[PDB]
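Undergrad:
Number of protein chains: 2
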Amino acid sequence: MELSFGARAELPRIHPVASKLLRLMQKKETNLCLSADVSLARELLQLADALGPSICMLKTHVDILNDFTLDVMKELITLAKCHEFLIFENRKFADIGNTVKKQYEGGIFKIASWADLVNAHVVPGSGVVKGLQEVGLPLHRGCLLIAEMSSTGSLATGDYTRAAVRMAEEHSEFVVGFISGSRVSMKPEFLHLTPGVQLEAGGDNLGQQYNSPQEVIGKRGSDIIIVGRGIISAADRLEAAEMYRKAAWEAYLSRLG
Amino acid sequence: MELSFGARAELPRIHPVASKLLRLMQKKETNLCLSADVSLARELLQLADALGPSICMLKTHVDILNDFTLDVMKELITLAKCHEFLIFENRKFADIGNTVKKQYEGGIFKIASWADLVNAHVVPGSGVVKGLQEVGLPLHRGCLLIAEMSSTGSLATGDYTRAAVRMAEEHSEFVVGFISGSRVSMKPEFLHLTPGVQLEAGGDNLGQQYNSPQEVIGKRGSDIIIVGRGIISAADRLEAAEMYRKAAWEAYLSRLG
Ligand SMILES: *c1cc(=O)[nH]c(=O)n1[C@@H]1O[C@H](COP(=O)(O)O)[C@@H](O)[C@H]1O
Ligand SMILES: [Cl-]
């Protein structure tokens, strides 16, 4: 009952942004999302260009980009179109509906204007989704709900995770998936993206816990690995990205049969 | 026995930021925080100056400020020092430790460089606090933990709320209190700040729910009301600020005896 990414792109209830992503995943043989956790535009753009062919998605961190401008994002969009990847902004929206609407659409960042995908916490209740949707729906954007977190002590467990899944189901015109550590929905229209991924066992000094691509994709049933430091800290970020891409792709192929 | 704000300001285990806030609350007879939910610097600085005398705190929304610069924040600080109120940035930090550290210190906004107070969601586990504290402690800052939310379908209930209180207790060198709808800790060194406050019954059309100053300060035992639209959308903003200040203050006096 496992389907390829390319077949999932054709599912009757699939959102257009999800279909676009699934098609490029299949085309490029990648289910790797780069977490571009860097402070300078030059580095962001150079990683985007060099690793573009290896990734299905680049996760931006505009709240840490010391030299953000909208022109930087225009250049990133050019690279995304060229190399074929989606732009996912990291910011974990987590406020009442009316607030997150403005945080998404406006300020200096104007996130909705350039991000294909955003993510939201479900702790406020579904108003968080509803607010983001008022902005992103006509822009053909999608949203991921944070159903589980990778960090030590995470409270996104049990009934909380179930609430996230229900909320996604009830807002499928805009919610395209989850940030989670494993498959949390049985519905194949939903994407599972998993951060906290490295080839080596370990964690960091501030509560991050790591699992491998083979574990996350192969055994836990997620779709896409989100990798920051496992790539960013490497001497050769391109080689690192290729190792992560192969790991995640081959784990996916093995669950297909 | 309930202590006055002035007496709480002198408690041996009080955090310096909380002491500063409690002293000016007592001095100015105000336990009102203005939520400065505006898009333009001119509007933020106008409200800060006009309403400064009536408030103990101004909650900024830098993620919606279309013309943010550091010079705007220098000028806001000058108003805060003149009128005597603290600056509390709204952004509900909600990510792993390593990420929120950078979101707090860096980017274009450099929140730690001008906000007295920040707030965090507890969903990621205690790393969210550890990460923020690594930046906030050197900068003499404080943090509030979001123990309850004002919105419909909030998951910040029960064991989640209890987890927030334990996290605060264990990080009392940085955490000075809570965003909550009610008193959640019995320790008088912690502040309670409550959003979703208006004089009349109701909500917004994106899940916000409202309670009155008398209910939240008097019956529910909170310390400070956070008010945005109840003031900002009024014809006469100074009069509205004064109505909320008087309401919150009298509720406090009555609980005190
Ligand atoms: C988001 C949600 C979550 O549960 N765990 C996370 O780590 N994140 C974000 O993903 C990235 C992890 O990066 P790294 O540990 O691979 O360097 C990071 O951007 C974090 O905010
Ligand atoms: Cl709030």
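Residue numbers (the working numbering), protein chains in the order written: chain P, 1 to 257; chain F, 1001 to 1257. The beta carbon of each residue, even a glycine, is placed where N, CA and C say it ideally should be.
I believe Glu1084(F) touches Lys1130(F) by the beta-carbon criterion, under 8 Å. Please report the beta-carbon distance rounded to the nearest angstrom.
TA: Incorrect: roughly 31 Å between the Cβ atoms, too far for contact.
Undergrad: Taking 8 Å as the cut-off, does the segment 1016-1033 of chain F touch the segment 1236-1254 of chain F (at least 3 CB pairs, one atom from each stretch)?
TA: Enough Cβ pairs lie closer than 8 Å, so yes.
Undergrad: Of all the CB atoms in chain P, is at least one closer than 8 Å to the CB of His1121(F)?
TA: Answer yes: the Cβ-Cβ gap between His1121(F) and chain P drops below 8 Å somewhere.
Undergrad: If we count Cβ pairs, one from each stretch, closer than 8 Å, do we get three or more for the segment 1039-1059 of chain F versus the segment 1202-1214 of chain F?
TA: In short, these stretches do not touch, since the Cβ pair count stays below three.
Undergrad: Since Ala41(P) and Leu65(P) should fall inside the 8 Å C-beta cutoff, what is the C-beta to C-beta distance between them, to a whole number of angstroms?
TA: Indeed, because the Cβ distance is near 6 Å, the residues count as touching under 8 Å.
Undergrad: With contact counted as at least three CB pairs below 8 Å, one residue from each stretch, are the segment 1083-1101 of chain F and the segment 137-153 of chain P in contact?
TA: Cβ pair count under 8 Å is three or more, so yes.
Undergrad: Name, please, each residue of chain F whose Cβ falls closer than 7 Å to the Cβ of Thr78(P).
TA: Per Cβ cutoff of 7 Å: no residues; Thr78(P) is ~22 Å from chain F at best.
Undergrad: Looking only at its own chain, which residues have a Cβ that is under 6 Å from the Cβ of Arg1245(F), when we skip the five neighbours before and after it?
TA: Closer than 6 Å at Cβ, skipping near neighbours: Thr1030, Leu1032 and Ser1054.
Undergrad: Under 7 Å Cβ-Cβ, which residues of chain F neighbour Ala115(P)?
TA: Ordered by position in chain F, no residue passes the 7 Å Cβ test against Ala115(P), which lies about 14 Å from the chain.
Undergrad: What's the C-alpha gap between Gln26(P) and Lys1101(F)?
TA: Roughly 36 Å between the two C-alpha positions.
Undergrad: Comparing the C-beta of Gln103(P) with each C-beta of chain F, is any distance below 8 Å?
TA: For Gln103(P), the answer is yes, since a Cβ of chain F falls inside 8 Å of its Cβ.
Undergrad: Spatial neighbours of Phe88(P) within its chain, please: C-beta separation below 6 Å, excluding the five flanking residues on both sides.
TA: Only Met57, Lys59 and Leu117 meet the Cβ criterion.
Undergrad: Is there at least one Cβ from chain P nearer than 8 Å to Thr1152(F)'s Cβ?
TA: So yes, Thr1152(F) belongs to the interface.
Undergrad: Based on the DSSP secondary-structure assignment, which residues constitute the bridge partners of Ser1151(F)?
TA: DSSP output for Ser1151(F) lists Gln1208(F) as bridge partner(s).
Undergrad: Roughly how many angstroms lie between the CA atoms of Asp223(P) and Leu191(P), to the nearest whole one?
TA: Cα to Cα, the separation comes out at about 6 Å.
Undergrad: Mind listing which residues of the segment 189-210 of chain P have their C-beta closer than 9 Å to chain F's C-betas, in chain order?
TA: Answer set for the segment 189-210 of chain P: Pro195, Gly196, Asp204, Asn205, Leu206, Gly207 and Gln208.
Undergrad: Please work out which residues of its chain come closer than 8 Å, Cβ to Cβ, to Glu173(P), disregarding the five sequence neighbours upstream and downstream, and give them in chain order.
TA: Excluding residues within five positions, the ones whose Cβ falls inside 8 Å are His15, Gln133 and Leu137.
Undergrad: What are the boundary residues of the alpha helix (DSSP H) that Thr1194(F) is part of?
TA: Per DSSP, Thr1194(F) belongs to no alpha helix (DSSP H); it is in the beta strand (DSSP E), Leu1191 to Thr1194.
Undergrad: Using only the heavy atoms of ligand 1, determine whether one of them is closer than 7 Å to the beta carbon of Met149(P).
TA: Under cutoff, so the answer is yes.
Undergrad: Do the CB positions of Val1176(F) and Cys1143(F) come within less than 8 Å of each other?
TA: Yes; because the gap between Cβ atoms is below 8 Å, this pair is in contact.
Undergrad: Given that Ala112(P) touches chain F, what residues does it touch there, using C-beta distances under 9 Å?
TA: Correct list: empty, because the minimum Cβ distance to chain F is about 13 Å.
Undergrad: If the cut is a Cβ gap below 9 Å, which residues of chain F does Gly97(P) touch?
TA: Near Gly97(P) (Cβ distances below 9 Å), the residues of chain F are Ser1151, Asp1204, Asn1205, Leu1206, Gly1207 and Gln1208.
Undergrad: Strictly under 8 Å for the Cβ-Cβ distance: is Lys130(P) near chain F by that measure?
TA: Judged by the 8 Å Cβ criterion, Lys130(P) is in contact with chain F.
Undergrad: For the segment 1001-1029 of chain F, which residues have a CB atom closer than 9 Å to at least one CB atom of chain P, in sequence order?
TA: Within the segment 1001-1029 of chain F, no residue has a Cβ that lies closer than 9 Å to any Cβ of chain P.
Undergrad: Should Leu1145(F) and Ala1120(F) be called a contact, given that it needs their Cβ atoms to be closer than 8 Å?
TA: Contact: yes.
Undergrad: Locate the beta strand (DSSP E) running through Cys82(P), then write down its first and last residues.
TA: Counting along the chain, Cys82(P) falls outside any beta strand (DSSP E), though it belongs to the alpha helix (DSSP H) covering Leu70 to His83.
Undergrad: Cutting at 7 Å between CB atoms, please list the residues of its own chain near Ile226(P), excluding the five before and the five after it.
TA: Hits under 7 Å: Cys33, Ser35, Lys59, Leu193, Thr194, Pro195 and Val197.
Undergrad: When you compare the CB of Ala156(P) with every CB in chain F, is at least one pair closer than 8 Å?
TA: Cβ-Cβ to chain F under 8 Å: yes for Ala156(P).
Undergrad: When the distance is taken between beta carbons, is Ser1185(F) closer than 8 Å to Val1165(F)?
TA: Yes. Within cutoff.
Undergrad: According to the Cβ coordinates, are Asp1063(F) and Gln103(P) closer than 8 Å?
TA: Yes, they are a contact pair.
Undergrad: Cα-Cα, which of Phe109(P), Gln208(P) and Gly221(P) is closest to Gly1125(F)?
TA: Ranking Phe109(P), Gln208(P) and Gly221(P) by Cα distance to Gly1125(F) puts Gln208(P) first.
Undergrad: Just confirm the distance between the C-beta atoms of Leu76(P) and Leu45(P), as a whole number of angstroms; I'd bet it's less than 8 Å.
TA: Indeed, because the Cβ distance is near 7 Å, the residues count as touching under 8 Å.
Undergrad: What residues from the segment 1044-1066 of chain F come within 7 Å of chain P, judged by C-beta to C-beta, listed N to C?
TA: From the segment 1044-1066 of chain F, only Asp1063, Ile1064, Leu1065 and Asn1066 have a Cβ closer than 7 Å to chain P.
Undergrad: For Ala1147(F), which option in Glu1043(F), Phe1109(F) and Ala1163(F) has the closest C-alpha, if you only look at C-alpha atoms?
TA: Measuring from the Cα of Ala1147(F), the nearest candidate turns out to be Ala1163(F).
Undergrad: Give me the Cα-Cα distance between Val135(P) and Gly106(P), rounded to the nearest whole angstrom.
TA: Roughly 10 Å separates the two Cα atoms.
Undergrad: Give the range of the alpha helix (DSSP H) segment to which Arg1013(F) is assigned.
TA: Run containing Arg1013(F): none; DSSP gives neither H nor E here.
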